[PDB]
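# Chain and residue survey
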Amino acid sequence: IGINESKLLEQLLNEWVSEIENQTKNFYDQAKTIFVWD
Amino acid sequence: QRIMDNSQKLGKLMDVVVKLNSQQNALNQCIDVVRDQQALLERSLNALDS
């Protein structure tokens, strides 16, 4: 995906903050799952 | 009085011409949105097709 030329930088930052907190949860639960497999 | 009434009426309409200039800048941005998303989908299809 390329960033949309029309998007507000405020929208784009809040969109990426939400996605980085989704990715933060999934990183810790995937790593916690890998630790059980160890 | 009626000249002052019509003068305040014209003024309060001119204050709202400033809002019509705002809707034109929002509409211009919507015409940026669709142009450059279409030119990006076009480009991503050519980058999958190839």
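Residues numbered from 1 in each chain as written, not as in the entry; some residues may be left out. Chains lettered and ligands numbered in written order. Part of a larger assembly, values for the part shown. Heavy atoms only, no water.

Header annotation of the entry names cryo-EM as the structure determination method and lists the resolution as 30 Å.

Turning our attention to the layout of surface pockets. Considered as a void within the structure, the largest pocket measures approximately 230 Å³ in volume. Here the lining of the largest pocket is built from residues that sort into 5 nonpolar, 4 polar and 4 charged. (1 Å grid on protein atoms, 1.4 Å probe; cavity = no way out; pocket = protein on both sides within 12 Å on 5 of 7 lines; lining within 4 Å. Points joined across faces, edges and corners; volume = space filled by probe spheres on them. Nonpolar A, V, L, I, M, F, W, Y, C, P; charged D, E, K, R; others polar.)

Residue and element names in this part refer to chain A. Judged by side-chain polarity, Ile34, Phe35, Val36 and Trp37 come together as a nonpolar surface patch covering roughly 550 Å² of accessible area. Relative to the elements of secondary structure, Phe35 occurs in helix α1 (residues 9-37). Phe35 sits in the exposed class, given a relative accessible area of 63%. (Patch = residues over 30% accessible without salt bridge, like charges linked within 9 Å, V, L, I, M, F, W, Y side chains within 5 Å. Areas by Shrake-Rupley, 256 points an atom, 1.4 Å probe, with all protein chains shown as cover. Salt bridge = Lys/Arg side-chain N within 4 Å of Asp/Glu carboxyl O. Helix = DSSP H or I, 4+ residues; strand = E, 2+ residues; numbered from the N terminus. Buried < 20%, exposed > 50% of the residue type's maximum accessible area, 1.4 Å probe, protein only.)

Quick look at the interface of chain A and chain B now. Counting residues at the interface gives 5 residues for chain A, matched by 5 residues for chain B. Roughly 430 Å² is buried in total at the junction of chain A and chain B, and carbon and sulfur atoms are behind 55% of that figure. In this assembly, chain A and chain B are joined by 0 salt bridges. Scanning the region where chain A abuts chain B turns up 1 residue pair in polar contact. (Contact = heavy atoms within 4.5 Å. Buried area = accessible area lost by both parts, 1.4 Å probe. Polar contact = N/O pair within 3.5 Å; in protein donor to acceptor, adjacent residues only side chain to side chain.)

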